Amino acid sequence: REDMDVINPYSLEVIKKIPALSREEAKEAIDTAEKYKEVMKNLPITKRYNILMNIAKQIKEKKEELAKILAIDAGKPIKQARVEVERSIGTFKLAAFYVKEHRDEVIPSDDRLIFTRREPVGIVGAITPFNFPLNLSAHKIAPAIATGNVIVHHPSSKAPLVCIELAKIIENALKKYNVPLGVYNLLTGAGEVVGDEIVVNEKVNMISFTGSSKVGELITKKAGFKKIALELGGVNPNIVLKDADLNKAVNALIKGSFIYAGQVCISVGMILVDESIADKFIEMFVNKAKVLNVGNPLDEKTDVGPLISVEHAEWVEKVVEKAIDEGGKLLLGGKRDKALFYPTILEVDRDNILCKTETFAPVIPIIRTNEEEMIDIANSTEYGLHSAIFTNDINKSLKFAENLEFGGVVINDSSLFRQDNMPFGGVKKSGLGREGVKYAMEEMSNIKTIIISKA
């Protein structure tokens, strides 16, 4: 069927039309998935390894094609798209490694052998975002397959095309190794229908959701008796102490601020800079931001592409307007061409709307402050995903690292840093559970404790 328009966020053209499943169709797919739980649960290690490795092989073989899809559909600059594709290859490969290597444990006992075994949770409901639709899908699908789960997967309608390609890739791997196709199910359509059904359905055993904090919170209220993993967003504070290497902090913060036009859960949300160096930092940072190439994601020279929709870009514009109304000083940008939003920098105080709002936009509030106020400002939000500190001081770096109420603390690089094999996630309203393949596999399985009593 051809139900739902898929849009190129740069040109605004309809790229194509895809199926939008009804709630009853979503229920049907879940019923089908349930029938294959036994097949997946019993799939040998060698078979899961082979499937995961073959998925990585196909992605590698179609790397440029997949990167182009990310550029056209997600608006992702082609150089950045290639990086995401490369990461997705790594993710499937690492899950293949862990099928073979994941360790269970033996616990000492007099006259008993006590050991653990991990078994699938059953049906994993994977709900993936528009921004890194390929690698973030890989971060749910790969550990799910690794742990013998059946999958129902709803991708974001804002950039579904790479996920459709991944589903075909998965289907090929499954066919190659004689596994029924019903073990993996891509369900496209409205989030509030298909996504909602995955969350609510009593046959689904676990929800793994990456996306907005608002939606994540709603899931906790509607999911019922299921395991729940949430990877949400935040307003990620990046702190520049008076002793920081300023050139290196600027370069790091340009990346953290403007990669994928700020549409990353760990994008820079606010910069707190010591008053003594604030003028110099601000000048250096604005000057570097000025020279970024803003435009067509398909162009090799493009640094910053469009936001995912005009509707979102319009919303960002109003937020920047509100920020200026509250006394924010515009230092760069604040301009918009349809969905193409230009790098925008303001100096604001800690009470500004931008300090409390995740904009998913290339909009950067800078707060000049004393060291004594920084931790309090950094911790002042309802979120707690990533934070960062730039300093050369051992004592200060450790004090900040301990006291920052965040799932991740980065020293001398921006909040945007994630090494794919590290445990990754947020506290407060920013998440539940940790991702990264090893960690996701642990969430996507249940422990069985086996006790053999000795005569």
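From 1 onward, residues are counted along the sequence shown.
The mean Cα B-factor in the deposited entry runs higher for 321-329 than for the other of 321-329 and 240-248.
The PDB entry records a higher mean C-alpha B factor for 337-345 than for its counterpart among 337-345 and 116-124. In the deposited coordinates, the residue among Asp351, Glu86, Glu165, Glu197 with the greatest CA B-factor is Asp351. The PDB entry assigns the greatest CA B-factor among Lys203, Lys356, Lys226, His154 to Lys356. When all modelled residues of the chain are sorted by CA temperature factor, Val294 is found within the highest third. Among the modelled residues of its chain, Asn446 has a C-alpha B-factor that falls in the lowest third according to the deposited record. When all modelled residues of the chain are sorted by CA temperature factor, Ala56 is found within the lowest third. Ranked by C-alpha B-factor against the other modelled residues of its chain, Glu101 falls in the lowest third. Ranked by C-alpha B-factor against the other modelled residues of its chain, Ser212 falls in the highest third.
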